[PDB]
Structure formats: structure tokens, C-alpha cells
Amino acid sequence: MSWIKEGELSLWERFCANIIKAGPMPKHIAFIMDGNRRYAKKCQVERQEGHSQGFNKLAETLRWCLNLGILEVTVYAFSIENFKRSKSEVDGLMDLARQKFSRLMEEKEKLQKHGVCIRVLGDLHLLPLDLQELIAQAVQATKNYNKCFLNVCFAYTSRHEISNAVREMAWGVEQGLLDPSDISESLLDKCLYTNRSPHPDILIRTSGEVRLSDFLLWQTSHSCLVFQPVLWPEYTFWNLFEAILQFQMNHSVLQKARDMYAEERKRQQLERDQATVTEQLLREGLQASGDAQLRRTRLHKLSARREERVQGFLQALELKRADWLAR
């Protein structure tokens, strides 16, 4: 009935947790909670019962994560594609969501005592107006909490998120807050729904599917990918433990690759900027280098002016995003 189970780890779980916590631990784990309906059929129960147990496992898995010191979790809860299912199933899912978000506001203050921040990411205008208001309440209430973070991807796809982010930047140049040349990989990051969290360390999908189904495609480009056969309502602490173990075995090569990518992107951005400065300096008829350090000044100004327009764009984008949440 609540959104986080209150239970400590058993001996073997505690013991193994202490062991792996001697190595690199994930700061952020993302889940694709897949396999509910197959689980319902395997246990000879209705599909709403499968989905209902699926939510219970989400509350259980968050307690495992908090006990493991993993304080940020993102979950795929409802895809835009899931709107294509039968009205009976979609209404069943909408009703389950109405019920848990309503119990969430009743279980408030218990959200203060643990500092849990609830973020709900997606094209939320596709949801029923009432469910939107329940979502907005929960989001507005748990803002300014910082002890842990749960991002619920509801009525979400990654392509819709990436498209909206580009629309945001296009709004920036339309308003005069951005030049088209300011658009960058780093700037698109900050226009995603997930812009207040770091990219996931691990992406876990259950049920044995080896696809991503339009989930955090931008964000998991360098995440550890763990595809586990177990059905989501049957997820155990040890499935989660196995996934973290996978991440620890991948960590050294994943971190080097993450850093080589970042270093290469900054190197190429510098080459492009120097070439821009050189093109302008080839025009005007000025020297490409010299003791006056003209190109060094124009490089600093080109960058500083870019960071200034970007910071102004982001402040306006955050004011617009708080406005819709306030109403």
C-alpha cells in the first residue's frame, strides 16, 4: 500500500553487501520492470494481480537499494507504447497508479522522515487529468528532499524525451536566449527529463529480453547492461546483487571508456572553436597568432559568451518548468 518497504537485510545479504561495498558501488541504478503479465500467467492469476505484485517488488527493491547505499533509482513504469494495450489493462494500470500516488500523499511526512524525492518523468499530458494532479502533488511535495531519489518514468519514451529536449533548445533560440551554435551534447543533457540526476551506472531489464524498449537511450550509452531472465515480480536481492557484481567487473573498462569519450569530445570541441576563431581571424585580415595573443582572447570570449547564454537559457528553462508544476 506504501512506496517503500521497511526491512533490514538478513545475515548473508548483510555479509555480501559489506564485501562488495569494498569496491566501486553504483550511485544510480535504472530498472526496466518487465515480465509482469508472463508472471501472472505462470502463477495462474489475473494480469492486474501480476502488475500489483510488480509494484510491491518495486517497493521491496528500493529498500534493498537504500540498504545498499544506492540512493538514486529510475524505473520504467509505463511506456507511451503501452497506451496501445487494451482499455481493460490500461485502465487497470491507471487505477493502480492513482491508488499508489494517492497513498503516497497520505503517507507524506513519512517521506520527510526519510528525505525521499519523487520525480515522475514522461509526456505526462497523455495521462488522465486527475492522475496528472496526483502526480504533480507528489512531485511538488517531495521537492527539496535530498536523502534519496526515485524517478518514475510514466507515459515515457526516450525518443520523446530526446525530442522534447531539442524542442526546449529550439525554444531558446526562438526567445533569443541561445544561438544555434550553442547546442551541444552537454546542453542536451540538461534539457532531458532526467537532467537532475547523473546517468545510470547500471541498466537492469528483467524477463530475459535483450532490448531496451526506448528507455534511457541517451543516458545509458555507457551504462552497464544487465539482462536477467527472472520475471520482475520474482526479483530477489540476489538478482540485484548479481547485477551490481556485473557492474563491478565492468567498472574499470567502463570508467576508462567513459573518460576517453569525455576527453575526446572536449578535445574535438576545442579544435572546432580554434577553427572558428581562425576563420573569423582569416577574415578581418588579422594574424592567426602573435604576441598580442589575439586568438587566445577570442577563444576565451567565444567560450565565456557561450557559457553566459547557456546559463541564462537554463535559468529560464527552470522557471518555465517550475511554473507548469506550480499550476
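All residue numbers refer to positions in the sequence shown, first residue = 1. Just so we're on the same page, rigid core means the largest C-alpha set that superposes within 1.5 Å between forms.
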Comparing 262 to 270 to 290 to 298 by root mean square Cα deviation from the shown form in 7 other deposited structures of this protein, core aligned, the larger deviation is found at 290 to 298
Divergent stretch in 7 other deposited structures of this protein, 280 to 288 or 52 to 60 [C-alpha RMS, superposed by the core]: 280 to 288
Per the record, averaged over C-alpha atoms, which has the higher B-factor: 66 to 74 or 286 to 294? 286 to 294
Higher avg CA temperature factor (228 to 236 vs 129 to 137, as deposited) belongs to 129 to 137
Between 119, 103, 199, 87, where does the Cα B-factor run highest in the record? 103
Using the B-factors in the PDB entry, rank residue 280's C-alpha atom against the chain and give the third, lowest, middle or highest. highest
Residue 219: C-alpha B-factor third of its chain, per the entry, is the lowest
Pull the Cα B-factor of residue 99 out of the PDB entry and bin it into the chain's lowest, middle or highest third. highest
Residue 317 - Cα temperature factor, lowest/middle/highest third of chain: highest
In terms of the CA temperature factor given in the entry, to which third of its chain does residue 19 belong: lowest, middle or highest? lowest
